Every structure is written in C-alpha cells, then in structure tokens.
Amino acid sequence: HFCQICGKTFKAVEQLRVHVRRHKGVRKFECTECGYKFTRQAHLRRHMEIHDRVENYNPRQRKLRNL
DNA sequence: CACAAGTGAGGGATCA
DNA sequence: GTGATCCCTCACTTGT
Ligand SMILES: [Zn+2]
Ligand SMILES: [Zn+2]
C-alpha cells in the first residue's frame, strides 16, 4: 500500500491511513507560552521540558516534512 | 557564505 | 478519530 502524495509504501492500510492524515497538517496543540503549534500532544509536553531549562525561548515555525 | 556540529521538532513504529 | 511511548530522522540553529 502506497500513497498518491509521497509514494511511500506502508505494510498496513491502518498506518498508511494515519500517514495521509498527516498530510492535512492539523496543528491543534499550541504552547501557552510561545504560541507554537504542534501536531502531537507528545511534541507539546516534550517542548515544555525545554521551557524549564532556559527562560527566553521562542522558536520559528518549522516546516512539515510531507506536503 | 561554506562548513561542521549541536538542536529539537516531524514522523515512523507497536499497543491499549 | 484518538493518544501514549520509543526512537530515528532531518530541518533549524549555532559557532567557526
Ligand atoms: Zn503520503
Ligand atoms: Zn513554547
């Protein structure tokens, strides 16, 4: 099973389908300090661990890897 | 501005 | 549709 966007093959349609969901680029998780939007909750909780290290943290919006 | 190295966000996996 | 986790990537970032 492959995708018409990347051509990346997937051994199961269950995880190919969650890959096509990554194409719409839904960023529903936002940091309540620097306003940066995230695709996963785990990406947000890992991000605050660095907000405790440094005081002045503000990254630029990074690009998603697949369109 | 190339270049290396350190950085952290994106995205793949199994599973409840 | 979640999401949690383990982890490897790779674009930014920094320094030379
Ligand atoms: Zn795809
Ligand atoms: Zn933040």
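As a convention, Cβ positions derive from the backbone with ideal geometry for all residues, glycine included, and neighbour counts pool all protein chains shown. Each reported figure results from applying straightforward, stated rules to the coordinates on display, with no laboratory input.
A few comments on the model shown:
- Near A:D52, once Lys and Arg are set to +1 and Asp and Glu to -1 for all other residues with Cβ below 12 Å from its Cβ, the sum equals 0.
- Of the GluC sites (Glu not before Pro) found in chain A, those that fall in a DSSP loop while having at most 14 other beta-carbon atoms within 10 Å are A:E33, A:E55.
- In chain A, chymotrypsin sites (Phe, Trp or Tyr not before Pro) in a DSSP loop with at most 14 other beta-carbon atoms within 10 Å: A:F2
- Computed helical MRE - 222 nm, chain A, DSSP H runs ≥ 4 contributing -39500 (n - 2.57), nearest 500: -8000 deg cm²/dmol
- Candidate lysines - alpha carbon under 20 Å from A:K8, same-chain residues fewer than 8 apart omitted: A:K24, A:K63
- Relative to the longest principal axis of the Cα atoms of chain A, helix A:41-51 runs at roughly 30 degrees.
- Region A:1-62 - Rg over Rh from alpha carbon coordinates, Kirkwood radius: 1.13
- Among the trypsin sites (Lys or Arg not before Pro) found in region A:25-56, those both in a DSSP coil and sparsely packed, with 10 or fewer other Cβ atoms within 10 Å of their Cβ, are A:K28, A:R53.
- Entry note, chain A: relative contact order of 25 percent, from Cα contacts under 8 Å with a spacing of 6+ residues.
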